[PDB]
Protein chains: 2
Amino acid sequence: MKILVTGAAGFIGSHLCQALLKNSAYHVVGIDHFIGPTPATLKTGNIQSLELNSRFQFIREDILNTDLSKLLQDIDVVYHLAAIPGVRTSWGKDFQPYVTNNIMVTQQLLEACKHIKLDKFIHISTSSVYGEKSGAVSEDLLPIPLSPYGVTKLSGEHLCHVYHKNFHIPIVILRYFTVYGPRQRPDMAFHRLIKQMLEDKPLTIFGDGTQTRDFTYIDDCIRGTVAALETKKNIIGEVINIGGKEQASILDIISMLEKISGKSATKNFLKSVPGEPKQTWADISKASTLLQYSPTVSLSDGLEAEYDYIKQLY
Amino acid sequence: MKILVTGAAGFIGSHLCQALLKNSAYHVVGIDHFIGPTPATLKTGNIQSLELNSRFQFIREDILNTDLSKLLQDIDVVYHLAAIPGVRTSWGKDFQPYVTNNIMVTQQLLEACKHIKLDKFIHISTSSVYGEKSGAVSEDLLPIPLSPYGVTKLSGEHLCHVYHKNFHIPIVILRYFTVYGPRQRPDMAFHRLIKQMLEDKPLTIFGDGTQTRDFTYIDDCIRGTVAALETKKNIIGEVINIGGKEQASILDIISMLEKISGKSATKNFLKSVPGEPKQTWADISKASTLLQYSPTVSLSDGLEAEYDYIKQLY
Ligand SMILES: NC(=O)c1ccc[n+]([C@@H]2O[C@H](COP(=O)([O-])OP(=O)(O)OC[C@H]3O[C@@H](n4cnc5c(N)ncnc54)[C@H](O)[C@@H]3O)[C@@H](O)[C@H]2O)c1
Ligand SMILES: NC(=O)c1ccc[n+]([C@@H]2O[C@H](COP(=O)([O-])OP(=O)(O)OC[C@H]3O[C@@H](n4cnc5c(N)ncnc54)[C@H](O)[C@@H]3O)[C@@H](O)[C@H]2O)c1
Ligand SMILES: O=C(O)[C@H]1O[C@H](OP(=O)(O)OP(=O)(O)OC[C@H]2O[C@@H](n3ccc(=O)[nH]c3=O)[C@H](O)[C@@H]2O)[C@H](O)[C@@H](O)[C@@H]1O
Ligand SMILES: O=C(O)[C@H]1O[C@H](OP(=O)(O)OP(=O)(O)OC[C@H]2O[C@@H](n3ccc(=O)[nH]c3=O)[C@H](O)[C@@H]2O)[C@H](O)[C@@H](O)[C@@H]1O
């Protein structure tokens, strides 16, 4: 088929394109405006290989300015990953690009998909929509975001449901849980903490470090994401959690990084940042059932992979 | 005490201001940018009756072009009604004004209220957030909007929760159910059908006319809205349905209108329009407990009042 990947030069999008291109029967169109928290230099690195592949077409344009008629011509599947993704930087004057790139972009894509015959529109969303929840969260749980970011991503999900129900756009929603590994964005905790540790600079901890995440290794995330395309079973209209092998606190992670480096971290404990939950924890039963999803990369292996990537990057 | 009412020149806002001005204790500031579906001619008359009262101050400005710090210094309570409200006109290129005036306006007001000492931030929302549900809907039900309009309004609610949890802004959310009576917007069903019936023209019905609403008479809406200010109970953080005395389908309303006009209407059944639920039905248990809310205006009395107003307007 022809598969459109929005946000193709980003962390997850770059990996997803590479995975799809291993199947000789797939042709990939990647669109990326090179905005958000990752510098354009890192994004060029993410796609340099991809651009050599003859079955990849790269478009460096804003989805809000591009000819969406041309873009979606003969597209069989859309993977919509384009977004402004930072939890902590979505307040005051920094909110507008979240609304433009998370809400207006999703709506304009969904409008463009009304007059074409997609197999699937695979919309990427976030554990950030759940907000502050206790236990493993299931996809039927009432979402109450804690960040303006989370609000804009949940508005994107609701636009998906509006366009599915009214115009039969074949939407599938994936909710990722804190994805890490090679090419992780430089605003995320593991990139920052590894870069700090490499430079013998203080590790920046927001609050006391006891907060936990369901960290998902990139290869696990991509296996789940590709499974959503490749299943022959009806998952249209479904919201599916994609979570990781092993939860950990930021203190637990730092201890694991010290074992990889053989260094001892200097720690700087900052104020908690408004808008962050203290815990995330996916119930991935539905992904297990629908996609045969099971994450297999341990934090020790995934963290070594990221540490190696960050060291070579800088 | 001093009360800011956004969207003060609008249908519900103008009636709200009118009700608050009856209390000589209350100083009222109205702000309205004269946008949305109602032509500015009808809104002028709204602010003209309000401006007879010395305790009313009117600001004719976009909330996005206002010094909100300056405005809010002496404000005790905000009623936030300003929005783009039409369910049916929120598709395609019409969507952006809903994002601007429903999402960016709400965010920017909440940002300005972060360091104000408010008693209450009373955010007006809509039954449109629920989408299609069976039975009387309670406020803890998972909302799945059917329209882009509904998505933008539920995004505003989510912003209220974010700013409440992170910054202790004392938000209360009211979900209104299809409000009618004198001053009803010309794009709403009762206004169009009464105008049509008055001029012996076909009554335009969008589908089979079996659609029903929990229609709320304006005076009932306003009594519940004023109760949110005056209640003895703690309602900070609550979502509260404000629904009407009697549910009806459009066919029923057309029969009730024939009784009032003494006319037999010609019907013009048109294609159902995307993004509209078939039923709305409020569980008003919570309003009854927290606000002593009981709607008291019957459809026959309310339609008569709206009939007399439409007759007078044209
Ligand atoms: N990284 C995670 O932990 C994680 C977890 C949950 C969900 N998500 C979601 O996964 C997706 C990918 O996240 P990521 O970490 O790869 O982020 P990223 O910033 O690395 O990638 C997103 C890409 O979208 C592009 N983009 C944004 N707006 C655009 C526009 N208007 N037109 C064209 N391109 C545009 C950016 O240039 C960027 O390269 C996002 O939707 C994010 O919300 C990520
Ligand atoms: N009418 C109903 O049946 C109903 C039911 C549910 C909820 N609501 C909600 O009630 C509120 C009032 O609805 P209404 O029927 O009175 O609508 P309306 O259009 O009569 O009034 C809203 C007013 O907001 C003003 N406004 C919009 N954007 C603005 C901005 N940026 N700055 C300043 N003013 C701005 C408009 O000029 C308009 O006069 C809305 O929030 C709507 O979503 C209405
Ligand atoms: O799962 C998700 O939906 C979200 O996951 C991540 O968001 P976040 O959980 O903030 O991921 P990190 O940035 O890796 O933060 C993880 C934890 O580390 C903490 N942190 C972060 C950065 C840092 O320098 N120090 C620090 O202690 C944060 O407080 C947080 O508790 C992504 O950045 C989002 O794009 C995505 O939506
Ligand atoms: O309750 C709500 O939350 C919403 O109520 C109304 O929206 P709507 O329910 O569309 O109200 P009307 O415009 O009065 O429409 C009611 C019904 O009449 C129908 N209709 C409308 C107009 C018309 O000419 N003919 C007709 O049959 C519609 O299809 C709908 O089923 C308001 O317009 C919204 O601002 C508000 O958000």
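Residues numbered from 1 in each chain as written, not as in the entry; some residues may be left out. Chains lettered and ligands numbered in written order. Heavy atoms only, no water.

X-ray crystallography is the method the PDB entry states for this structure, with the resolution given as 1.8000 Å.

Looking at the PDB entry, one finds chain A named Epimerase domain-containing protein and attributed to Bacillus cereus HuA2-4. Under its PDB record, the entry appears with the title "Crystal Structure of UDP-Glucuronic acid 4-epimerase from Bacillus cereus in complex with UDP-Glucuronic acid and NAD".

> What is the right way to look at the pairing of strand β11 (residues 239–242) of chain B in this model?
Moving residue by residue along a regular strand, the side chains alternate between the two faces of the sheet. Residue and element names in this part refer to chain B. Going residue by residue along β11, you find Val239 and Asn241 tucked away on one face and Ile240 and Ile242 tucked away on the opposite face as well. Of the pairings in the sheet, the one linking strand β6 (residues 171–176) to β11 comprises four bridges and is parallel in character. Looking at β11, one finds that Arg175 is bridged to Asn241. (Buried < 20%, exposed > 50% of the residue type's maximum accessible area, 1.4 Å probe, protein only. Helix = DSSP H or I, 4+ residues; strand = E, 2+ residues; numbered from the N terminus. Pairing = 2+ DSSP bridges.)

> I keep staring at the relation of the copies chain B and chain A and nothing clicks. Help me out?
Look at the two chain copies: a rotation about an axis and a shift along it is all it takes to match them. Taken as rigid bodies, chain B and chain A are interconverted by a rotation of 180° and an axial shift of 0.1 Å, the fit giving an RMSD of 0.5 Å. Interpreted geometrically, this transformation is the action of a two-fold axis. Most of the interface of chain B is mirrored in chain A, where 94% of its interface residues are also at the interface. (Least-squares fit on C-alpha atoms. Contact = heavy atoms within 4.5 Å.)

> What exactly am I supposed to notice about unusual backbone geometry here?
Comment: phi is negative for the bulk of residues other than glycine, and the bulk of peptide bonds are trans. Backbone geometry places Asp74(A), a non-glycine residue, at a positive phi of 70°. Mapped onto the secondary structure, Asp74(A) falls in the loop between α3 (68–72) and β4 (77–80). The backbone phi angle of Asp200(B) is positive, close to 55°, even though this residue is not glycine. Tracing the backbone shows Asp200(B) in the loop between α6 (189–198) and β8 (203–206). Taking relative accessible area as the criterion, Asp200(B) reaches 59% and is therefore assigned exposed.

> In this structure, what is going on with the side chain of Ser155(A)? I would like to understand it.
Among the secondary structure elements, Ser155(A) is positioned in helix α5 (residues 148–167). Once residues lying within four places of it in the same chain are set aside, the contact partners of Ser155(A) are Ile103(A), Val151(B) and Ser155(B).

> In this structure, what is going on with the site of ligand 3? I would like to understand it.
Residue and element names in this part refer to chain A. Around ligand 3 there are 21 residues in total, and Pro85, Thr126, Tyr149, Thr204 and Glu276 lie nearest to it. Note that an oxygen atom of ligand 3 is positioned 2.7 Å from one of the side-chain N or O atoms of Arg192. Between ligand 3 and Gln211 there is a distance of 3.2 Å, counted from an oxygen atom to a side-chain nitrogen or oxygen. If ligand 3 stood free it would expose 700 Å²; the protein chains cover 95% of that surface. Sorting the residues of the shell around ligand 3 by element identifies α6 (189–198) and β8 (203–206) as the ones contributing at least two each. Ranked by the residues each element gives to the shell around ligand 3, the list is headed by β8, at three residues. (Near = heavy atom within 4 Å. Polar contact = N/O pair within 3.5 Å; in protein donor to acceptor, adjacent residues only side chain to side chain. Areas by Shrake-Rupley, 256 points an atom, 1.4 Å probe, with all protein chains shown as cover.)

> Teacher, can you tell me more about the packing of aromatic side chains here?
Describing an aromatic ring pair means giving the distance of the ring centres and the angle of the ring planes. Counted under the stated rule, the structure contains 21 aromatic pairs over all chains. Here the aromatic residues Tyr180(A), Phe190(A), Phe215(A) and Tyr217(A) are joined through ring pairs into a cluster of three or more. The ring centre of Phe167(A) lies 4.1 Å from the NZ or CZ of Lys114(A), which sits over that ring. Above the plane of the ring of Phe34(B) lies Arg60(B), whose end atom (NZ or CZ) is 3.9 Å from the centre. (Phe/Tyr/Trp six-rings, centres within 6.5 Å; stacked < 30°, edge-to-face > 60°. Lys NZ or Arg CZ within 6 Å of the ring centre and 35° of its normal.)

> Help me understand the nonpolar core, please; the structure alone is not making it clear to me.
Across soluble globular proteins, nonpolar side chains have a tendency to be buried as a group. Membership of the largest hydrophobic core comes to 63 residues, with the highest contact counts inside it found for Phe121(A), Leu72(B) and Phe121(B). Aside from chain neighbours lying at most four places away, what touches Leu72(B) is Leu4(B), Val78(B), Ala112(B), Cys113(B) and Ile116(B). (Core = buried A, V, L, I, M, F, W, Y, C linked by side-chain atoms within 4.5 Å.)

> Is there a simple way to think about the interface of chain B and chain A in this case?
It is common to give the size of an interface as the accessible area lost on bringing the parts into contact. Opposite the 33 residues of chain B that make contact, chain A presents 31 residues. Each partner contributes to the roughly 2600 Å² buried at the junction of chain B and chain A, and carbon and sulfur atoms together form 74% of this total. The interface formed by chain B and chain A includes zero salt bridges. For the side of chain B that touches chain A, the elements supplying multiple residues, two or more each, are α4 (95–113) and α5 (148–167) of chain B. No other element matches α5(B), which puts 12 residues into the side of chain B that touches chain A. (Buried area = accessible area lost by both parts, 1.4 Å probe. Salt bridge = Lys/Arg side-chain N within 4 Å of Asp/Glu carboxyl O.)

> Got a minute to help me understand the sheet that holds strand β3 (residues 56–59) of chain A in this structure?
Hydrogen bonds along the backbone pair up the strands of a sheet, which may run parallel or antiparallel. Residues and elements named next belong to chain A. Pairing in this open sheet of seven strands is parallel, and the strands run β3-β2-β1-β4-β5-β6-β11 from one edge to the other. The sheet terminates laterally at β3 and β11 (239–242), the two strands that pair on one side only. The sheet shows a mean angle of 20° between the axes of neighbouring strands, taken without regard to direction. Two elements, strand β2 (residues 27–31) and β3, share four bridges in a ladder whose sense is parallel. Residue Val28 lies in a different strand from β3, and its bridge partner there is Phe56. Of the strands in this sheet, β1 (2–6), β2, β3, β4 and β6 (171–176) are in contact with helix α1 (residues 11–20), which crosses β1 at around 165°. The strands touched by α5 within the sheet are β5 (120–126), β6 and β11, with β5 carrying the most contacts at an inclination of about 160°. (Axes fitted to C-alpha atoms, helices over the stretch in contact; angles between N-to-C directions.)

> Mind showing me how you'd approach the pattern of salt bridges here?
It is possible for side chains bearing opposite charge to pair when their charged atoms get close. This model, assessed by the stated rule, comprises 18 salt bridges over all chains. The salt bridge partner of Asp187(A) is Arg185(A), with a shortest N-O separation of 2.9 Å. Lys195(B) is the partner of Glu199(B) in a salt bridge, and the nearest nitrogen-oxygen pair spans 4.0 Å. With relative accessibility at 29%, the residue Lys195(B) sits in the partly exposed group. The network of salt bridges with shared partners includes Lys195(B), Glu199(B) and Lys201(B).

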